[PDB]
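So I pulled this structure from the PDB, and the sequence comes with it:
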Amino acid sequence: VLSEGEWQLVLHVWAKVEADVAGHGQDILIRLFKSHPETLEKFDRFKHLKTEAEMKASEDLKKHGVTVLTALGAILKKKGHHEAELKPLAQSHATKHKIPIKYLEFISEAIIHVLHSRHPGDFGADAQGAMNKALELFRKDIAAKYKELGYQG
Ligand code: HEM
């Protein structure tokens, strides 16, 4: 359970992200795909991209990055009371997209790295730990829906 102070740290940085949702989403998916290439293989949409320059030039990858971050933003702003917003994300990610929990750990590391790069003054260690805790709570609650559905592993 995050504390109110920890939520304030999370959403203080998140408000900085919302000024350039698309640039953040490009940098986080690129980082994800370069750091963990198995992840790129899950997107039929993107698996033609073979260099980071091709990734950076894809408008469709930029579009999906905004989809991802808008969904995550709507979850963080519920401060833990996010059951309505995860149901559908867990259902589609487990049963249609086939994404293992560990790849949600990987995109969480990429989100944390990009935020540190772009917002160091609002993303010191207190805010890094709170955001870690927020992303762990996301993964915990998604893992429980996976497990219901027979996909936790
Ligand atoms: C913060 C974590 C994430 C969030 C908030 C998120 C959000 C979304 C949303 C809102 C969609 C479109 C609606 C839907 O299908 O449910 C989506 C689609 C999809 N996601 Fe995620 N996602 C996350 C992580 C991942 C990860 C780590 C992967 C792959 C490794 C992945 C793979 C996909 C795929 C394959 C689709 C369909 C893309 C297409 O072909 O249009 N997602 N995601």
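Arrived safely, thanks for sending. Numbering: from 1, shown residues only.

Figure out the helix or strand that residue 130 lives in.
For residue 130, the host element (DSSP states H and E) is helix 125-149.

now that helix, how far from the centre of its chain.
10 Å (Cα atoms, centre = their mean, to the nearest Å).

Same question for stretch 79-88.
Distance, centroid of stretch 79-88 to centroid of chain: 14 Å (Cα atoms, centre = their mean).

Sort out which residues of it are buried, please.
For stretch 79-88, the neighbour count (16 or more other Cβ atoms under 10 Å) marks 79, 82, 85, 86 as buried. No exception for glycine: its C-beta is placed from N, CA and C like everyone else's.

what sits up against the helix holding residue 130?
Contacting residues not belonging to helix 125-149 are listed as 1-2, 5-7, 9-10, 12-13, 72, 75-76, 80, 82-83, 86-87, 89-91, 93-95, 101, 104-105, 108, 111-112, 115-116, 123, 152-153 [Cβ atoms under 8 Å, 6 or more residues apart in numbering].

related to what we said a few turns ago, looking at the buried residues of stretch 79-88, spot the one nearest residue 60.
Of all those, residue 85 has the smallest distance to residue 60: 24.0 Å, by Cβ to Cβ.

Could you measure from the closest one over to the ligand?
Distance from residue 85 to the ligand, counting by Cβ to the nearest ligand atom, to the nearest Å: 9 Å.

Could I get the buried residues of stretch 79-88 in TSV, plus columns for secondary structure?
Listed next are the buried residues of stretch 79-88 as TSV, based on DSSP: H, G, I helix; E, B strand; the rest coil:
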residue	secondary structure
79	coil
82	coil
85	helix
86	helix
